[PDB]
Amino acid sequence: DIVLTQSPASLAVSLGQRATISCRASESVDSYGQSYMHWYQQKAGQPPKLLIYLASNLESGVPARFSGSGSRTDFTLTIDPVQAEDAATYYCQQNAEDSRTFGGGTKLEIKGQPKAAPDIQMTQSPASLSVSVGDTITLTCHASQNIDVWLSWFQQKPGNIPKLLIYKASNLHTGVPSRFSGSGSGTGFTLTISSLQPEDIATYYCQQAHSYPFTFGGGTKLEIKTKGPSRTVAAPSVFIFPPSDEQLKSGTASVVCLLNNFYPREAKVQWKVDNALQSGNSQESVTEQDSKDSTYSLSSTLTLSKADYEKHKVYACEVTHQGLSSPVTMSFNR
């Protein structure tokens, strides 16, 4: 088998200099006067990306500073001038023989550089907040590093562009109403909207100007408090499901009760086993108030061992709701 060996194994090169990587095949990679030796570029957590095919032919997108040379056994890949984005691991690959092989690889690193100062992370809280016209609201912004008083606030109305409100943590931009107010120095900062107006329902971002790269918070979305999804009265359609024979092999037994599409929310569900009311062995789950009809749905799961399930016969689910004239019972016999 053709064994591809690569030299060097690790390579520390200065930004703007020349990087040259060798590859040695154990047998000839040439066939019909064509060298089946390819070069790939792989970055961390990323799949390999084909750089050069047939010893020197560059792929559609690969910059000109990347080049290859050689035939038969000795191959070369060169980068000049090496860029910052070129810090990656490169591989040579032969497809000359039937069973393809890869070189060990070469890690191109960069030296003599001012290391890497971390970005200032901006955190906003809360992520969102329900509000009404007249309210006094205070949004928070935090810097993972001292930013002095270098902090701006922007408002972004849905589908619209960012608008500056405050600059230098507390200075109001010309034209911005006085009901907007800012505070903070160092790492803790705040925005206050006094007597919140309909216009003020937006997403708010903070941005630090202490250091490059400039960084923004994730935002705080203001949402209007609604008069509620006003609906009539809808009784639940209720269904009971026995434990499937498939589950019975496993050693457990689950009885499900569905209360489908009801309004209002308020509803009592009760499990009755051989006309005996149960407690603590059940869990209710409820869906979000429906987009279309403004109703809810509920599931109640009665959980007990296969043994306790076998000894009893009638399994029932009793449901109380405003929309029902008297409680509904859905039952089954095992």
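Residues carry their position along the shown sequence, with the first being 1.
Averaged over their C-alpha atoms, the temperature factors of 34 to 42 and 262 to 270 are higher for 34 to 42.
Once the C-alpha B-factors are averaged per stretch, 103 to 111 and 134 to 142 rank with 103 to 111 first. Across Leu191, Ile147, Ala96, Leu129, the entry's maximum B-factor at the CA atom is seen for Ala96.
Across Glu246, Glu223, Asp119, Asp200, the entry's maximum B-factor at the CA atom is seen for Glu246.
Per the deposited record, the Cα B-factor of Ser211 falls in the lowest third when ranked against the other modelled residues of its chain. Per the PDB record, residue ranking by Cα B-factor puts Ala316 in the middle third of the chain.
Per the deposited record, the Cα B-factor of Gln283 falls in the middle third when ranked against the other modelled residues of its chain. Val82: CA B factor in the highest third of modelled residues in this chain (values from the PDB entry).
For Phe75, the recorded CA B-factor ranks within the highest third of the chain. Only modelled residues enter the ranking.
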